[PDB]
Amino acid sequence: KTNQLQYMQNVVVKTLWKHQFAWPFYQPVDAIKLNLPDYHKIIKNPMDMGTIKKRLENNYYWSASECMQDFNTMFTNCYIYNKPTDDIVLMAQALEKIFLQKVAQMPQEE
């Protein structure tokens, strides 16, 4: 667990989690409960903040760049599946802005 990775866990994930718009990204999209029976055929690599958080907490990542790619996948999946004025896209967009600002302050490995 590099210090960039502990920053992803202690700073990026924590800051995003507390956001009022973050909760649709806490858990995998459940295509049955939400009646999106095409979701897994369009979105081949599902990702969510809960899975990212678990991977950080259990030292799954080899580098912070893998963690960031999961974040990038999470947001991009949202945009792939949804429409530009959907509430979910506005929520993703607000979260993504904070994400970009927070990883800009990520410390260097030393």
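Residue numbers run from 1 along the displayed sequence. The term rigid core refers to the most C-alpha atoms you can superpose between the two forms while keeping them within 1.5 Å.
In summary, of the stretches 31-39 and 66-74, 31-39 shows the greater Cα distance from the shown form in 7 other deposited structures of this protein, with structures fitted on the rigid core. Mean CA temperature factor is higher for 35-43 when stretches 74-82 and 35-43 are set side by side in the entry. When the CA B factors of the chain's modelled residues are split into thirds, the value for residue 65 lands in the middle one. Ranked against the other modelled residues of its chain, the C-alpha B-factor of residue 48 as given in the entry falls in the lowest third. For residue 98, the recorded CA B-factor ranks within the highest third of the chain. Only modelled residues enter the ranking.
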